[PDB]
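Structure first, then comments.
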Amino acid sequence: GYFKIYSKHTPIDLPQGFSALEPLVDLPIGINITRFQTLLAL
Amino acid sequence: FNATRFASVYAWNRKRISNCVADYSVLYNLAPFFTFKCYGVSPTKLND
Amino acid sequence: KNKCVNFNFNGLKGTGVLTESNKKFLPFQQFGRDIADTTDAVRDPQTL
Amino acid sequence: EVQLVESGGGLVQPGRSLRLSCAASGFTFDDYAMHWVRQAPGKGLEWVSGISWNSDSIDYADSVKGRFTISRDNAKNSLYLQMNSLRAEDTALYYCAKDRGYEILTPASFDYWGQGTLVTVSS
Amino acid sequence: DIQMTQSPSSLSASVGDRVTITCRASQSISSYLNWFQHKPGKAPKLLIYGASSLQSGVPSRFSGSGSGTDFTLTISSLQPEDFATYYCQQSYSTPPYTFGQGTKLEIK
Amino acid sequence: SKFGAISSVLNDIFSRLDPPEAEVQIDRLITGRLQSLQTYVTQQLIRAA
């Protein structure tokens, strides 16, 4: 029931390297998720 | 606990508690709560 | 600090000497362990 | 500390109809059942009628069936009692009490009361 | 149906006495009775809900007891503002919330 | 290794449980650690020989 969001920002296909993502935010949501879609700006 | 009405067992209601100090002596010292038996933690230790 | 005291941090009891630590915890990392899986570094809830 | 203010009392001739309102302010009203009860000038208390938290379960006294009607407006936190076809034996003092629970016919009884309003049915 | 009887009607005592009042039922109601105090000049107030459960905010001097067909209320201190009429009400039988007769209390 | 107990820390068992079953948990942990230490000593004796 918790939505964990991990984030990492880097100054640069996928580049070759190793970078651990720190735990950013926990969300006490407790819902079901089966699909998703990103959001852009025109 | 002092809620006037409860929900049915199939649609059981869930409430999340956080960011507060919890005192369990309020629950413990009341006679009507007859069935108070706990799993994995001794009730007397809840206060600490 | 700097003497053998019985400590209790958030229900975690123990006996030891609390000293300054140079370890750089992640801003989120709360507790700490070692190679031997023993709690050797901790963060005070009152003062970060 | 809860308040129960009642109005609509007075004196009417037999066979007429009058209207009572009872407003509460000291507690949450959307989840409590309410009752109207009667006290004769020279006798004890008697129950009259009752409505639940919502207008689903409604009860009237046997002696007053088919004559009196109770209503409830949750938005303004009040209930109402319309008295119809009054007789000479309905000149008592009526109290507007609140039930502890939410249903109508429960072992739970009236918790808080309010000062009764006096009505008279005579010429 | 159900019938409630008040064995005493008027009782006299002093400020330093202990008084008891009994309410009898026609048949068993399973300890589902309530005790109400009614001052002659203001709105009546509940003293006891259930057989022996004391309502919040009232002095602990009053004590209710009894189960089955008979029930009893007792005052141990008799403070000088305890003058009122006491009623016993059942909430278990098919007749909804039928009340018993009054029980006058006077101090002398 | 918890060795079958609810936790591998004695202080957690003390602060979380009453004596009646804290005793059982502590007994389980004690017998497990004793077995491990016995195995270590037996291997040490063989290697010493």
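As shown in the structure tokens, the chain order sets the letters A, B, ...; within each chain, residues go from 1, and ligands are also counted from 1 in the order they appear.
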
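Near region 5-10 of chain E, within 6 Å and counting only C-alpha atoms, sit residues 23, 24, 103, 104 and 105 of chain E; same-chain residues fewer than 5 positions away were not included.
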
If we count only C-alpha atoms, which residues of chain B reach to within 9 Å of chain F? Please list them as a VMD selection string. chain B and resid 40 to 46 48

Hey, list the chain B side of the contact with chain E: 12 Å cut-off, only C-alpha atoms, answer as a PDB file with N, CA, C and O atoms, in the first residue's frame.
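Resulting contents of out_20.pdb:
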```
ATOM      1  N   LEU B  30     -10.581   0.841  30.802  1.00  0.00           N
ATOM      2  CA  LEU B  30     -12.027   0.788  30.626  1.00  0.00           C
ATOM      3  C   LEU B  30     -12.504  -0.657  30.728  1.00  0.00           C
ATOM      4  O   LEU B  30     -11.982  -1.543  30.043  1.00  0.00           O
ATOM      5  N   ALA B  31     -13.494  -0.884  31.592  1.00  0.00           N
ATOM      6  CA  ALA B  31     -14.053  -2.224  31.756  1.00  0.00           C
ATOM      7  C   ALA B  31     -14.692  -2.806  30.497  1.00  0.00           C
ATOM      8  O   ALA B  31     -14.449  -3.993  30.220  1.00  0.00           O
ATOM      9  N   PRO B  32     -15.503  -2.075  29.715  1.00  0.00           N
ATOM     10  CA  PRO B  32     -16.268  -2.741  28.642  1.00  0.00           C
ATOM     11  C   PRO B  32     -15.420  -3.491  27.626  1.00  0.00           C
ATOM     12  O   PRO B  32     -15.881  -4.511  27.098  1.00  0.00           O
TER      13      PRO B  32
END
```

Please identify the strand (DSSP E) residues within chain A (assignment by DSSP from backbone atoms) and present them as number ranges by chain. A: 2-7, 22-28

Please save C-alpha atoms of the selected residues as a PDB file, in the first residue's frame.
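Below is the file that was written, part32.pdb:
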```
ATOM      1  CA  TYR A   2       2.991   2.366  -0.109  1.00  0.00           C
ATOM      2  CA  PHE A   3       4.133   4.133  -3.281  1.00  0.00           C
ATOM      3  CA  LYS A   4       7.924   4.408  -3.197  1.00  0.00           C
ATOM      4  CA  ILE A   5       9.531   7.010  -5.471  1.00  0.00           C
ATOM      5  CA  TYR A   6      13.304   6.906  -5.980  1.00  0.00           C
ATOM      6  CA  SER A   7      15.019   9.654  -7.960  1.00  0.00           C
ATOM      7  CA  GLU A  22      18.489   7.209  -3.225  1.00  0.00           C
ATOM      8  CA  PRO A  23      15.037   6.719  -1.659  1.00  0.00           C
ATOM      9  CA  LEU A  24      13.248  10.015  -2.227  1.00  0.00           C
ATOM     10  CA  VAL A  25       9.592   9.860  -1.139  1.00  0.00           C
ATOM     11  CA  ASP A  26       7.145   7.371   0.364  1.00  0.00           C
ATOM     12  CA  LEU A  27       3.424   7.813  -0.311  1.00  0.00           C
ATOM     13  CA  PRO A  28       0.834   6.247   2.050  1.00  0.00           C
TER      14      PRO A  28
END
```

List as a PDB file with N, CA, C and O atoms, in the first residue's frame the protein and nucleic acid residues near residue 15 (chain C), meaning an atom at most 10 Å away when only C-alpha atoms are counted, but skip any in the same chain fewer than 2 places from it.
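And here's selection33.pdb as it stands now:
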```pdb
ATOM      1  N   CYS C   4      29.939   5.032  29.998  1.00  0.00           N
ATOM      2  CA  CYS C   4      29.120   3.829  29.863  1.00  0.00           C
ATOM      3  C   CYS C   4      27.748   4.110  30.464  1.00  0.00           C
ATOM      4  O   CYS C   4      27.596   4.198  31.684  1.00  0.00           O
ATOM      5  N   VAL C   5      26.743   4.256  29.600  1.00  0.00           N
ATOM      6  CA  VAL C   5      25.391   4.614  29.997  1.00  0.00           C
ATOM      7  C   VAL C   5      24.425   3.625  29.355  1.00  0.00           C
ATOM      8  O   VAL C   5      24.698   3.046  28.299  1.00  0.00           O
ATOM      9  N   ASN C   6      23.289   3.422  30.022  1.00  0.00           N
ATOM     10  CA  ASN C   6      22.179   2.655  29.469  1.00  0.00           C
ATOM     11  C   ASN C   6      21.306   3.605  28.657  1.00  0.00           C
ATOM     12  O   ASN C   6      20.730   4.550  29.204  1.00  0.00           O
ATOM     13  N   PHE C   7      21.208   3.355  27.357  1.00  0.00           N
ATOM     14  CA  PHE C   7      20.494   4.233  26.443  1.00  0.00           C
ATOM     15  C   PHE C   7      19.232   3.564  25.916  1.00  0.00           C
ATOM     16  O   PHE C   7      19.148   2.333  25.843  1.00  0.00           O
ATOM     17  N   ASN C   8      18.255   4.393  25.549  1.00  0.00           N
ATOM     18  CA  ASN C   8      16.973   3.951  25.004  1.00  0.00           C
ATOM     19  C   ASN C   8      16.569   4.953  23.927  1.00  0.00           C
ATOM     20  O   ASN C   8      16.114   6.057  24.240  1.00  0.00           O
ATOM     21  N   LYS C  13      16.780  -0.371  23.301  1.00  0.00           N
ATOM     22  CA  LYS C  13      17.540  -0.295  24.538  1.00  0.00           C
ATOM     23  C   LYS C  13      18.921  -0.904  24.347  1.00  0.00           C
ATOM     24  O   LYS C  13      19.117  -1.799  23.520  1.00  0.00           O
ATOM     25  N   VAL C  17      28.790   3.441  25.186  1.00  0.00           N
ATOM     26  CA  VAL C  17      29.331   4.791  25.247  1.00  0.00           C
ATOM     27  C   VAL C  17      28.965   5.493  23.949  1.00  0.00           C
ATOM     28  O   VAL C  17      29.224   4.971  22.857  1.00  0.00           O
ATOM     29  N   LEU C  18      28.352   6.667  24.065  1.00  0.00           N
ATOM     30  CA  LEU C  18      27.927   7.454  22.914  1.00  0.00           C
ATOM     31  C   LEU C  18      29.001   8.495  22.628  1.00  0.00           C
ATOM     32  O   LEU C  18      29.306   9.333  23.483  1.00  0.00           O
TER      33      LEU C  18
END
```

Which of chain F counts as alpha helix (DSSP H) under DSSP, as a ChimeraX atom specification please? /F:10-16,19-48

Just want the 7 Å neighbourhood of residue 17 (chain E), counted on only C-alpha atoms, with same-chain residues fewer than 4 positions away dropped. Output as a ChimeraX atom specification. /E:13,76-78

Selected residues written out, N, CA and C atoms, as a PDB file, in the first residue's frame:
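Everything below was put into out10.pdb:
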```pdb
ATOM      1  N   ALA E  13     -35.700  11.443  54.254  1.00  0.00           N
ATOM      2  CA  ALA E  13     -34.401  11.172  54.855  1.00  0.00           C
ATOM      3  C   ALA E  13     -33.757  12.510  55.205  1.00  0.00           C
ATOM      4  N   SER E  76     -25.792   7.253  48.449  1.00  0.00           N
ATOM      5  CA  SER E  76     -25.078   7.076  49.707  1.00  0.00           C
ATOM      6  C   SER E  76     -24.891   8.373  50.483  1.00  0.00           C
ATOM      7  N   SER E  77     -24.861   9.519  49.804  1.00  0.00           N
ATOM      8  CA  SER E  77     -24.533  10.782  50.452  1.00  0.00           C
ATOM      9  C   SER E  77     -25.721  11.706  50.668  1.00  0.00           C
ATOM     10  N   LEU E  78     -26.662  11.776  49.724  1.00  0.00           N
ATOM     11  CA  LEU E  78     -27.817  12.674  49.812  1.00  0.00           C
ATOM     12  C   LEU E  78     -27.386  14.134  49.963  1.00  0.00           C
TER      13      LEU E  78
END
```

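The interface of chain D with chain B at 9 Å, considering only C-alpha atoms, consists of residues 31, 32, 100, 101 and 102 of chain D.
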